[PDB]
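See structure below.
Cβ: placed from backbone, ideal geometry, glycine included. Neighbour counts: every protein chain shown. What follows draws every value from the coordinates through simple rules; no lab data is involved.
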Amino acid sequence: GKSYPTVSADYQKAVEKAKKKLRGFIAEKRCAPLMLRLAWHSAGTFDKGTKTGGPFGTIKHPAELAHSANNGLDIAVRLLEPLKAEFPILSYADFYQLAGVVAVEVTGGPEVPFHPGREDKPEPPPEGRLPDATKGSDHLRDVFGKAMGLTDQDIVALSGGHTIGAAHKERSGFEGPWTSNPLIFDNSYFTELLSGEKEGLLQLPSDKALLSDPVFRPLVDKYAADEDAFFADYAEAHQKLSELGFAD
Ligand code: HEM
Ligand SMILES: [K+]
């Protein structure tokens with residue numbers, strides 16, 4: 001149900017050039033996972049009932065970076081500031097979401113469709129909307145479903161974003177990568193979740209909750225068996241996530 005706004009030709013030209021520049025920058029800096037986390041934490045605050053929060057540029061605000069769920073993301077924001085400055089026409093909202101999309105692409109992931117025109121909004125959402133890694137399926141549904149308005153399928157596919165990167169004991173407290181290949185976007189997050197705890201790889205309780213829920217488990221299996229299917233459903237869910245509250 002989207003109606004995307006019209007942006008000028010200059011704005012579109014800027015999108016295209018920023019996209020390229022973000023590829024090169026994110027690849028060199030090895031920071032795709034962090035950039036994915038930044039985009040996801042920007043969008044993930046959306047509350048459908050109130051139409052508050054969501055991917056509207058507020059994560060750049062020190063007040064939103066201070067939320068405990070956002071530990072470390074001040075790094076991401078600082079990393080992007082000089083590039084963003086080359087693209088003054090673009091909203092921060094658009095820029096961060098583009099960086100999330102590129103993160104996925106340059107690590108070998110699907111091409112998530114991108115539509116410009118998000119406006120930067122002045123008020124960060126209240127803290128406490130992003131998910132708690134120590135909780136389970138009900139909580140996931142409360143956050144992704146009742147707040148954001150995404151689907152059960154979307155929940156499992158987006159969990160797959162842990163296919164890249166790692167936790168840090170100084171940020172969340174959790175530590176290490178979910179996968180043996182943490183800068184490669186693939187279905188390894190699901191294959192590892194399926195094979196049990198292997199030494200040196202991370203599983204959050206929230207990842208584990210996928211295995212015991214009657215709706216989530218068949219999806220984990222599908223994605224572990226079929227990376228093409230994971231990529232399709234991941235791209236659908238990321239696009240939706242990046243557009244929460246935008247163009248409705
Ligand atoms: C489903 C509920 C989720 C929970 C409970 C959760 C929790 C976490 C936690 C605790 C970390 C560790 C942060 C650190 O210590 O550095 C993390 C990292 C990460 N998360 Fe999630 N997350 C979830 C969903 C997602 C989603 C939906 C995405 C994107 C589609 C995502 C992408 C990432 C990425 C890429 C990292 C690694 C960041 C890095 O390498 O610095 N997460 N997540
Ligand atoms: K991987």
Query raised in the report: According to a simple spin-label model (label point 7 Å from Cα along Cα-to-Cβ), what is the distance in nm between residue 17 and residue 212?
Result: 5.3
Report task. Work out the FRET efficiency for residue 63 and residue 28 from their Cβ-Cβ distance, taking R0 = 30 Å, and round it to the nearest 0.05. Result -> 0.50
**Report entry** Nonlocal amide H pairs with residue 52, under 5 Å, H built at 1.01 Å
**Finding:** 47
Report task. Could you go through the stretch 55-67 in sequence order and give the Karplus-derived ³J(HN,Hα) for each residue, using 6.51 cos²θ - 1.76 cosθ + 1.60 with θ = phi - 60°, rounded to whole Hz, and x for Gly and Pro? Result -> x, 10, x, 6, 4, 6, 5, x, 5, 8, 5, 6, 4
**Report entry** Spacing of the two label points (7 Å from each Cα toward its C-beta) at residue 168 and residue 10, in nm
**Finding:** 3.7
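Semi-axes of the equivalent ellipsoid for the chain, please: Cα gyration tensor eigenvalues, times 5, square-rooted, ordered largest first, whole Å.
Value: 27, 19, 18 Å, ordered largest first.
If you average 1/r over all unlike Cα pairs in the stretch 103-167 and invert the result, what Kirkwood radius do you get in angstrom?
Kirkwood hydrodynamic radius for the stretch 103-167: 14.3 Å.
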Query raised in the report: Going 7 Å from the Cα of residue 153 in the Cα-to-Cβ direction, what parts of the stretch 231-248 have a backbone nitrogen less than 20 Å from that spot?
Result: 231-245
Requested in this report: Find the relative contact order for the stretch 131-237 and round it to a whole percent, using C-alpha pairs within less than 8 Å whose residues are 6+ positions apart.
Outcome: 31
Query raised in the report: Simple spin-label model, 7 Å along Cα-to-Cβ: residue 199 to residue 119 in nm?
Result: 5.7
**Report entry** Alpha-carbon centroid distance for the pair the stretch 216-240 / the stretch 104-164, whole angstrom
**Finding:** 14
**Report entry** Theoretical gain in end-to-end length, residue 248 to residue 132 [0.36 nm per residue, Cα-Cα removed]
**Finding:** 39.0 nm
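Given a cut-off of under 8 Å on Cα pairs at least six residues apart, what relative contact order in percent is computed for the stretch 83-144?
Reported as a whole number, the value is 26 percent.
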Query raised in the report: For the stretch 95-100, in order, what is each residue's ³J(HN,Hα) by Karplus, 6.51 cos²θ - 1.76 cosθ + 1.60 with θ = phi - 60°, in whole Hz (x at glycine and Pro)?
Result: 4, 5, 5, 4, 5, x
Query raised in the report: What is the chain's relative contact order, in percent, from Cα pairs under 8 angstrom and six or more apart in sequence?
Result: 25
Report summary line: Checked against a 29 Å limit on the C-alpha separation, the offending pairs among 48/169; 51/135; 20/240; 2/146; 208/240 are 48/169
